[PDB]
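A short write-up of the structure that comes next.
Protein chains: 2
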Amino acid sequence: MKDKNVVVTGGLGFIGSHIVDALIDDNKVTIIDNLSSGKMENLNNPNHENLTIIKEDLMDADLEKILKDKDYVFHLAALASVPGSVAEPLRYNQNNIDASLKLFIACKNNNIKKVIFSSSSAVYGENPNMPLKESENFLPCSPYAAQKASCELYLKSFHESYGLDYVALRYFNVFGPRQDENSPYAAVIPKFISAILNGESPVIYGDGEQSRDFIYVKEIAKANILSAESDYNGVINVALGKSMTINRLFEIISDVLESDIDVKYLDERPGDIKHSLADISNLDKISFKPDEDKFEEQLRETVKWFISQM
Amino acid sequence: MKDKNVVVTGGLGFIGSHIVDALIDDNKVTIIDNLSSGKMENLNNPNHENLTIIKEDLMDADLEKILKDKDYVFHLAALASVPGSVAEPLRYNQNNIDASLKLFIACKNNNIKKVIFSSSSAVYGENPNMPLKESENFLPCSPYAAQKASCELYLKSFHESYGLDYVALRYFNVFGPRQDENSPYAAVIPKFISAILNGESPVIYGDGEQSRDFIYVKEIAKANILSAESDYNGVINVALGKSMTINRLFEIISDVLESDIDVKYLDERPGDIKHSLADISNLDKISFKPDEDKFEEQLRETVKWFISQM
Ligand SMILES: CC(=O)N[C@H]1[C@@H](OP(=O)(O)OP(=O)(O)OC[C@H]2O[C@@H](n3ccc(=O)[nH]c3=O)[C@H](O)[C@@H]2O)O[C@H](CO)[C@@H](O)[C@@H]1O[C@H](C)C(=O)O
Ligand SMILES: CC(=O)N[C@H]1[C@@H](OP(=O)(O)OP(=O)(O)OC[C@H]2O[C@@H](n3ccc(=O)[nH]c3=O)[C@H](O)[C@@H]2O)O[C@H](CO)[C@@H](O)[C@@H]1O[C@H](C)C(=O)O
Ligand SMILES: NC(=O)c1ccc[n+]([C@@H]2O[C@H](COP(=O)([O-])OP(=O)(O)OC[C@H]3O[C@@H](n4cnc5c(N)ncnc54)[C@H](O)[C@@H]3O)[C@@H](O)[C@H]2O)c1
Ligand SMILES: NC(=O)c1ccc[n+]([C@@H]2O[C@H](COP(=O)([O-])OP(=O)(O)OC[C@H]3O[C@@H](n4cnc5c(N)ncnc54)[C@H](O)[C@@H]3O)[C@@H](O)[C@H]2O)c1
Ligand SMILES: [Zn+2]
Ligand SMILES: [Zn+2]
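In the order they appear, the protein sequences are chains A and A'. A prime marks a further copy of an entry chain.
The deposited numbering puts the first residue of the first sequence at 1, with every later residue one more than the last.
The deposited numbering puts the first residue of the second sequence at 1, with every later residue one more than the last.
Have a look at this one:
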């Protein structure tokens with residue numbers, strides 16, 4: 001992508017910062033981010049000539065004005081937490097549905113060429129029909145999952161009502177540089193890496209045979225950019241279509257870190273589904289083929305990032 | 001249902017007033033209604049000893065307090081318009097998602113035994129797989145349809161997260177006494193009846209071969225009450241599972257009114273789907289069998305109501 005003027009909501013966050021990095025040399029980029037979880041220092045160059053940063057909540061921003069003469073909108077801003085949403089459903093509704101809708105209204109009023117929306121495999125709930133096809137019904141188990149599904153439904157309705165073109169991307173388990181490790185809720189790869197680097201035993205919730213479809217953050221960024229350039233409108237899973245158990249993950253991370261620190265086993269967390277696996281056939285719709293044998297290399301890059309932060 | 005204390009949101013409206021009528025002799029009923037479209041005079045007895053009316057927007061009401069010690073909540077309050085939602089998606093979002101969520105939060109915090117939610121066959125969009133089963137995916141064509149679907153998804157998530165029991169009822173084409181005829185958007189049965197009573201030719205948008213699954217408002221009220229009493233949680237179509245063309249409807253209404261006024265034919269309305277038909281198998285889940293040969297009787301009751309309003 002070259003010579004476009006794009007908006008990246010949540011562009012100071014984990015995933016959004018990697019999208020900004022990939023676009024910024026050849027495109028004007030306006031980030032809208034309230035710093036609720038993102039950081040200026042997540043950007044490779046936060047002073048880049050092509051960059052604009054608007055430090056504001058989407059609910060307050062004049063999105064009708066900001067989106068004038070923009071080409072594409074990448075919507076990553078969200079309160080991105082399943083357990084957080086259970087504790088605070090109304091606040092999550094404001095950030096995840098209401099703000100998204102305000103953005104989508106400004107998109108259609110400004111004739112934005114495409115919206116690329118960050119959804120989640122959480123919308124599937126506990127579905128045994130793996131590998132999970134996009135045609136599965138929604139089975140949201142948390143307010144967060146209902147919110148992402150609601151946004152997908154609004155996008156469908158905006159396509160029909162106003163001709164707004166969009167891709168909704170259902171991410172599976174994203175990992176990589178700049179992912180949070182500090183929250184009680186933080187993802188397993190950051191927790192395993194952080195624990196080992198701090199000389200502490202990590203923990204597994206359950207027996208460790210649970211499995212996930214992990215996908216590297218730079219691949220998510222590529223999928224976003226390819227979706228913007230595609231003529232396809234609709235919903236696409238973004239993953240590798242491969243399973244890894246948490247036991248196996250721990251072995252691999254321990255090998256990468258040359259670590260003899262052992263893992264502890266605790267009871268299962270309520271709400272954790274046992275197995276999650278994407279069907280990624282529809283990645284053909286955006287001409288995306290993720291790298292299928294680069295997990296160790298990606299983990300090494302992630303570890304090096306966490307080392308640099310100590 | 002006897003000796004319960006219930007809340008009916010939108011209880012001064014078309015459908016809600018019939019639910020209030022059916023419950024009020026044997027139960028305490030609190031209506032919450034902002035009079036945006038409902039009327040005091042829709043109730044059979046607006047001064048009934050068991051009645052309380054709170055004239056307030058759901059967004060402003062202290063629902064946490066109002067729902068203390070209530071048994072059931074019937075949620076009918078909404079901005080109930082497909083074309084209105086296209087014109088004003090944010091305002092419709094506030095009334096249809098945000099207010100519903102505030103209510104559902106108060107329901108789960110007060111351990112309400114059941115929520116009975118008014119959804120719509122609009123959530124199916126233009127789906128040729130008739131008769132339409134509840135398992136069909138959502139295909140919302142308007143912000144309204146997305147909003148009703150979002151509410152259904154929130155209810156599912158609240159069942160999983162908090163144990164809130166619910167039934168979402170997908171109404172097909174409701175008709176009967178107290179339905180609005182004055183809006184530009186008003187439903188076909190009121191428009192046909194009102195036109196003929198005013199000595200004016202009604203209009204058909206298209207060729208009249210379009211068909212709908214019409215369902216009488218008193219049957220909707222019964223389905224609501226049976227759903228409250230049922231152990232079932234989930235989503236159920238409420239209809240007859242029968243089709244009637246708009247041409248045939250006009251013939252029947254003209255016969256009932258002994259009218260020689262002819263109908264005019266105009267171009268199709270954008271957004272109108274041609275055929276809509278419910279699969280009503282899952283009405284067995286709430287032990288409801290609607291009357292299958294009472295259409296003329298129901299139309300006569302509707303006509304007599306419109307006559308009484310002249
Ligand atoms: C925090 C995070 O990134 N979570 C994301 C991740 O969930 P989840 O699959 O629950 O991710 P995990 O917590 O990393 O759990 C994955 C597995 O790892 C075990 N585990 C986790 C932590 C630990 O210390 N020990 C341990 O054993 C755990 O029991 C589970 O089996 O993937 C989902 C998509 O597939 C996202 O919806 C979800 O939220 C994102 C933000 C969003 O939607 O915006
Ligand atoms: C106003 C109203 O009650 N509309 C409801 C009705 O829609 P619709 O099926 O569009 O209902 P119609 O407008 O009565 O249209 C039905 C058919 O009749 C023709 N027609 C309509 C008017 C007229 O003058 N002449 C004429 O020919 C028209 O072209 C169509 O084929 O049924 C749906 C459920 O099946 C509801 O979602 C919808 O909104 C409710 C509020 C809600 O969800 O809350
Ligand atoms: N990390 C994952 O595994 C994962 C999986 C599935 C979906 N997602 C989705 O991808 C997107 C990005 O997630 P992430 O992991 O980068 O999360 P993140 O918290 O790092 O990024 C979200 C960014 O949005 C900003 N933000 C939040 N609310 C805002 C508001 N109201 N106005 C303006 N800015 C706001 C935050 O400050 C942050 O920089 C989210 O929509 C998330 O739900 C992530
Ligand atoms: N009429 C139909 O054919 C049909 C079909 C499918 C679904 N529904 C649904 O059934 C329910 C009732 O529809 P109806 O036809 O009786 O509509 P209606 O407009 O007659 O009733 C809605 C009632 O809610 C009140 N209201 C609206 N917004 C409110 C708010 N924010 N706070 C408090 N009160 C509010 C109105 O004053 C009105 O009395 C709605 O949820 C509607 O979407 C109706
Ligand atoms: Zn297993
Ligand atoms: Zn036909």
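Just so you know, even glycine gets a beta-carbon here, dropped at the ideal spot from N, CA and C.
Fill in: Bounding residues of the alpha helix (DSSP H) (the contiguous stretch that carries residue 106 of chain A)
Position 106 of the first sequence holds residue 106 of chain A. Where residue 106 of chain A is concerned, the enclosing alpha helix (DSSP H) stretches over 99 to 109.
Worksheet item: So which residues of chain A' does residue 99 of chain A contact, with C-beta pairs closer than 9 Å?
Response: Here residue 99 of chain A corresponds to residue number 99 of the first sequence, with the count starting at 1. Close partners of residue 99 of chain A in chain A' (Cβ separation under 9 Å) are lacking, with about 11 Å as the shortest Cβ gap.
Worksheet entry | Presumed contact (8 Å Cβ cut-off) between residue 146 of chain A and residue 154 of chain A', rounded CB distance | Locating residue 146 of chain A in the first sequence gives position 146, where the first residue counts as 1. Locating residue 154 of chain A' in the second sequence gives position 154, where the first residue counts as 1. So it is a contact: roughly 5 Å between Cβ atoms.
Worksheet item: Between residue 274 of chain A' and ligand 6, is the CB less than 7 Å from at least one heavy atom?
Response: Counted from its first residue, the second sequence places residue 274 of chain A' at position 274. Because some heavy atom of ligand 6 lies under 7 Å away, the Cβ of residue 274 of chain A' counts as near it: yes.
Worksheet item: Beta-carbon of residue 146 of chain A' versus every beta-carbon of chain A: anything under 8 Å?
Response: On the second sequence, position 146 is the one that residue 146 of chain A' refers to. Yes - at least one Cβ of chain A is within 8 Å of the one on residue 146 of chain A'.
Worksheet item: Given residue 57 of chain A', which residues of its chain have a CB within under 6 Å of its CB, disregarding the five upstream and five downstream residues?
Response: In the second sequence, residue 57 of chain A' corresponds to position 57, counting from 1. Around residue 57 of chain A': 34.
Fill in: Reference residue 256 of chain A, options A:272, A:304 and A:287, closest by Cα
In the first sequence, residue 256 of chain A corresponds to position 256, counting from 1. Of the listed residues, the one whose Cα sits closest to residue 256 of chain A is A:304.
Discussion item. I want to verify the contact list: residues of chain A whose CB lies under 9 Å from the CB of residue 142 of chain A', in sequence order.
Written reply: Your numbering for residue 142 of chain A' matches position 142 in the second sequence. Chain order gives the chain A residues near residue 142 of chain A' as 157, 160 and 161, where near means a beta carbon separation below 9 Å.
Discussion item. Distance cutoff 8 Å, beta carbons only. Does residue 185 of chain A sit that close to anything in chain A'?
Written reply: Translated into positions along the first sequence, residue 185 of chain A becomes position 185. Answer no: the Cβ-Cβ gap between residue 185 of chain A and chain A' never drops below 8 Å.
Discussion item. Taking 8 Å as the threshold (C-beta atoms), are residue 141 of chain A' and residue 160 of chain A in contact?
Written reply: The count along the first sequence starts at 1 and reaches residue 160 of chain A at position 160. The count along the second sequence starts at 1 and reaches residue 141 of chain A' at position 141. Yes, the pair counts as a contact, with Cβ atoms nearer than the cut-off.
Fill in: Proximity test, Cβ basis, 8 Å: residue 117 of chain A' and chain A
Position 117 of the second sequence, counting from 1, holds the residue named residue 117 of chain A'. No, residue 117 of chain A' does not count as interfacial toward chain A.
Fill in: residue 143 of chain A' versus residue 199 of chain A': straight-line alpha-carbon distance, rounded
For the purposes of this step, residue 143 of chain A' is taken as the residue at position 143 of the second sequence. For the purposes of this step, residue 199 of chain A' is taken as the residue at position 199 of the second sequence. Computed Cα separation, rounded: 36 Å.
Worksheet item: Does the beta carbon of residue 268 of chain A' fall short of 7 Å from some heavy atom of ligand 6?
Response: Taking the second sequence and counting its residues from 1, one reaches residue 268 of chain A' at position 268. Outside the cutoff, so no.
Practice prompt. Could you check what DSSP says for residue 59 of chain A' in three-state terms: helix, strand or coil?
Written response: Taking the first residue of the second sequence as position 1, residue 59 of chain A' is located at position 59. If DSSP states are grouped into helix, strand and coil, residue 59 of chain A' belongs with coil.
Discussion item. Would you say residue 169 of chain A' lies against chain A (beta-carbon separation less than 8 Å)?
Written reply: Along the second sequence, read from residue 1 onward, the residue named residue 169 of chain A' stands at position 169. It does not; no Cβ of chain A falls within 8 Å.
Worksheet entry | For residue 329 of chain A, the three-state DSSP class (helix, strand or coil) | Nothing about residue 329 of chain A can be reported from this structure: the residues present for chain A run from 1 to 310 only.
Worksheet item: Does residue 93 of chain A have its Cβ less than 8 Å from a Cβ in chain A'?
Response: Within the first sequence, the letter at position 93 stands for residue 93 of chain A. Taking Cβ atoms only, chain A' reaches closer than 8 Å to residue 93 of chain A, which makes this a yes.
Worksheet item: How many angstroms separate the CA atom of residue 7 of chain A' from the CA atom of residue 238 of chain A'?
Response: Taking the first residue of the second sequence as position 1, residue 7 of chain A' is located at position 7. Taking the first residue of the second sequence as position 1, residue 238 of chain A' is located at position 238. Rounded to the nearest angstrom, the two C-alpha atoms are 21 Å apart.
Worksheet item: Name the DSSP bridge partner or partners of residue 214 of chain A'?
Response: In the second sequence, residue 214 of chain A' corresponds to position 214, counting from 1. Residue 214 of chain A' pairs with A':173.
Discussion item. Considering Cα atoms alone, identify which of A':205, A':220, A':268 and A':115 is closest to residue 231 of chain A'.
Written reply: For the purposes of this step, residue 231 of chain A' is identified with residue 231 of the second sequence, where counting begins at 1. If we check each option's Cα against that of residue 231 of chain A', A':115 comes out closest.
Worksheet entry | Buried versus exposed call for residue 210 of chain A' [16 or more other C-beta atoms within 10 Å across all chains shown] | Mapped onto the second sequence, residue 210 of chain A' falls at position 210. That one is buried.
Discussion item. Output needed for residue 130 of chain A: all residues of its chain with C-beta closer than 6 Å, excluding positions within five of it in sequence on either side, in chain order.
Written reply: For this step, residue 130 of chain A is matched to residue 130 along the first sequence. Sequence-distant Cβ neighbours of residue 130 of chain A in its own chain, meaning closer than 6 Å and more than five residues away, are 277.
Item to complete: Return helix, strand or coil for residue 38 of chain A', following the three-state DSSP convention.
Response: Against the second sequence, residue 38 of chain A' aligns to sequence position 38. Residue state, collapsed to three classes: coil.
Discussion item. Does the distance between the C-beta of residue 118 of chain A' and the nearest non-hydrogen atom of ligand 4 fall short of 7 Å?
Written reply: As a working note, residue 118 of chain A' is residue 118 in the second sequence. The answer is yes for residue 118 of chain A'.
Discussion item. So with CB distances below 9 Å, who are the chain A' contacts of residue 232 of chain A?
Written reply: Locating residue 232 of chain A in the first sequence gives position 232, counting from the first residue. Near residue 232 of chain A there are no residues of chain A' at all, since even the closest Cβ is about 17 Å away, more than 9 Å.
Discussion item. Three or more C-beta pairs under 8 Å: does that hold for the segment 62 to 71 of chain A against the segment 92 to 111 of chain A?
Written reply: yes
Discussion item. Excluding the 5 residues flanking residue 126 of chain A' on each side, which residues of the same chain have their C-beta closer than 6 Å to its C-beta?
Written reply: Taking the first residue of the second sequence as 1, we reach residue 126 of chain A' at position 126. For residue 126 of chain A', where only same-chain residues beyond five positions count, the Cβ hits under 6 Å are 273.
Worksheet item: Any heavy atom of ligand 3 closer than 7 Å to the CB of residue 13 of chain A?
Response: Mapped onto the first sequence, residue 13 of chain A falls at position 13. Because some heavy atom of ligand 3 lies under 7 Å away, the Cβ of residue 13 of chain A counts as near it: yes.
Item to complete: With a threshold of 16 other CB atoms inside 10 Å of the CB of residue 182 of chain A', please say whether the residue is buried or exposed.
Response: Within the second sequence, the letter at position 182 stands for residue 182 of chain A'. Residue 182 of chain A' comes out exposed.
Item to complete: Taking C-beta pairs closer than 7 Å, name the residues in chain A that residue 105 of chain A' reaches, listed in chain order.
Response: For the purposes of this step, residue 105 of chain A' is taken as residue 105 along the second sequence, with counting starting at 1. Residues of chain A passing the Cβ test: 89 and 90.
Discussion item. So residue 102 of chain A contacts chain A'; which residues on that side make the cut at Cβ distance below 8 Å?
Written reply: Start at 1 with the first residue of the first sequence, and residue 102 of chain A comes out as number 102. Here the neighbours are 90.
Item to complete: Using the Cα positions of residue 122 of chain A and residue 73 of chain A, report the straight-line distance between them to the nearest angstrom.
Response: By 1-based counting over the first sequence, the position of residue 122 of chain A is 122. By 1-based counting over the first sequence, the position of residue 73 of chain A is 73. Rounded to the nearest angstrom, the gap between the Cα atoms of residue 122 of chain A and residue 73 of chain A is 23 Å.
Fill in: Under 7 Å by beta carbon: chain A' residues contacting residue 73 of chain A
Indexing the first sequence from 1 puts residue 73 of chain A at position 73. Those within 7 Å of residue 73 of chain A in chain A' number zero; the least Cβ separation is about 17 Å.
Practice prompt. State the Cα-Cα distance for the pair residue 148 of chain A' and residue 101 of chain A, rounded to the nearest angstrom.
Written response: Here residue 148 of chain A' corresponds to residue number 148 of the second sequence, with the count starting at 1. Here residue 101 of chain A corresponds to residue number 101 of the first sequence, with the count starting at 1. Approximately 15 Å between the Cα atoms of the pair.
Worksheet entry | Whole runs of the alpha helix (DSSP H) within the segment 112 to 190 of chain A', excluding any shorter than 4 residues | Correct list: 143 to 162.
Discussion item. With a threshold of 8 Å between beta carbons, is residue 149 of chain A in contact with chain A'?
Written reply: In the first sequence, counting from the first residue as 1, residue 149 of chain A sits at position 149. By the rule that beta-carbons nearer than 8 Å mark a contact, residue 149 of chain A touches chain A'.
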